[PDB]
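Next up: just one chain, as structure tokens, the form deposited in one PDB entry.
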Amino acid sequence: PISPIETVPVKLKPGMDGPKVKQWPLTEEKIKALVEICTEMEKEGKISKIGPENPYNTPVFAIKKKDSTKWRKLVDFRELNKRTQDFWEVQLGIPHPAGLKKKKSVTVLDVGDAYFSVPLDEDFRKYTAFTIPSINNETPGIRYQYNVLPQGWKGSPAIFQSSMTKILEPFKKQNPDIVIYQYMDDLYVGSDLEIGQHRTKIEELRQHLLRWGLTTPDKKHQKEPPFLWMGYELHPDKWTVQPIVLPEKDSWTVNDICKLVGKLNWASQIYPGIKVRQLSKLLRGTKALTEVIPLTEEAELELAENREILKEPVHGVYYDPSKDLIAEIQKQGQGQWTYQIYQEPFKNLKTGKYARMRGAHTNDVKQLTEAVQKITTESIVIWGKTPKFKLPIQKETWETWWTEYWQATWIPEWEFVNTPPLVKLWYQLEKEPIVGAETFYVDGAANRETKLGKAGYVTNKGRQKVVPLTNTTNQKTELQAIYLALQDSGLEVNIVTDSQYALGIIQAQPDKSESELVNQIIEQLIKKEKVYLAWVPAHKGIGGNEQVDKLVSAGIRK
């Protein structure tokens, strides 16, 4: 049955024209095969026979499913799609069980011949044209055009969605107290009705789509929990993620890793804390795709802990409106973090992990900030409400952070959970120059044409230094100076640079970076017990500047 639904109009990308791609000859076997199926479709109204004026054609071959050993008509719409206008895709994120509310009665449906059931814009079909070659050099093949959403066509997905949506609209407004989670050609219908009045509704709904071309085959879940929805299993009281059979092969190649890491992520949603950053870097660097790769032990450690968690199965819970939401953050390895969003004591709604390190020179409040930031959004999307947080960071630590940081920032309502490893700033510059410490005057330079330069200080007492550097640039060196002074000095000291660059980098209270130099300059700061840096406009002639300037201006041109 075809639908009485209006047909959504589609145009070709601006200025282009239909696809006119030659057909490849095929076997008498294949052809007489295609004819079987292509005929059937013609009878079912799915396609029609076009005239000779249609100049368009797209390739179409056939293939057999090793199982029954039957045949199928595969069409390579590759070129059409290159010429089909772009659609504003409407599907915007997959629904999650966490967002489901506990309903009395539940049903799950699936529509048959989804695509093959929605009409294709009359004025576009001609482009779906295709030839099914004749056995030999005889008369041209048989010409066919599509009448329904051709499978494999760009617009196909998005169009059938709107169709299913426009179709459901009447029914919803009729029973506004029944939820219909529609995703593609699949429907999760549920309600707090009795198994009778409900069933009497589901029916009322099947008839509707039926009356509208949407066949609801007998492959629907009724009184059959577990419900196989979106790759999960829905239990009246809880829900589980469909088993994950991770590849445990002997020989490991980069590609096979992606199939693991990915799945791992997929598991990261319900399985409390999962580390993958470990074997992640196994992919790093400009690699191949079939190239084999050695299983490091640092990485062999992730698999160990992971496979361990995946061993003992768990379960998530449905959402309860009234009872607000809580998100607990945890600190993990360097860069990794974890969270459990829940409502009751230990009833996880969903869990996950944050790993992305924004920028190079970062620290740990930042990451937590970022962690919360992301968690919020992810909640807004699932429950449309902002969650209450429990974070490994003491009010004190926070209060100092922002009140100092020149960048505005904040975190929503939260409490502090005492449970290390805790998060705190490891060091802290001084507000006023300290007394009882040499006031080092760092600097540095380099030549772009040479890749070389020097960099060192000039204390107020007279002390000096001027280590030479190869392959580095100003920013490197002026950053370098500040390193010396943090080795060649006491547990207290003053410093002075002409680079905001290095200066800023430091003030930000970095607690980790990408470069070692700065990771080391970080290590000095945490080691000492009192630092303070000031800035001065280089090339201005200010006090103890000229000294180091000249002292490092050996090679300032040519």
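The first residue of the sequence shown is number 1, and the count goes up from there.
FYI, the form solved in complex with a small molecule isn't displayed, but the following is about it.
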I need to confirm a contact call. Of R463, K101, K287, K249, which residue comes within 4.5 Å of the small molecule in the deposited bound form, counting heavy atoms only? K101
Identify, from the list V179, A129, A355, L282, the residue with a heavy atom within 4.5 Å of the small molecule in the deposited bound form. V179
Candidate stretches 121 to 129, 223 to 231, 301 to 309, 287 to 295 - the one whose heavy atoms come within 4.5 Å of the small molecule in the deposited bound form: 223 to 231
On the criterion of a non-hydrogen atom at 4.5 angstroms or closer, are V108, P236 and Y318 all touching the small molecule in the deposited bound form? yes
Touches the small molecule in the deposited bound form: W337 (any heavy atom, 4.5 Å): no
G453: heavy atom within 4.5 Å of the small molecule in the deposited bound form? no
Any chance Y144 has a heavy atom within 4.5 Å of the small molecule in the deposited bound form? no
Is there a heavy atom of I202 no more than 4.5 Å from a heavy atom of the small molecule in the deposited bound form? no
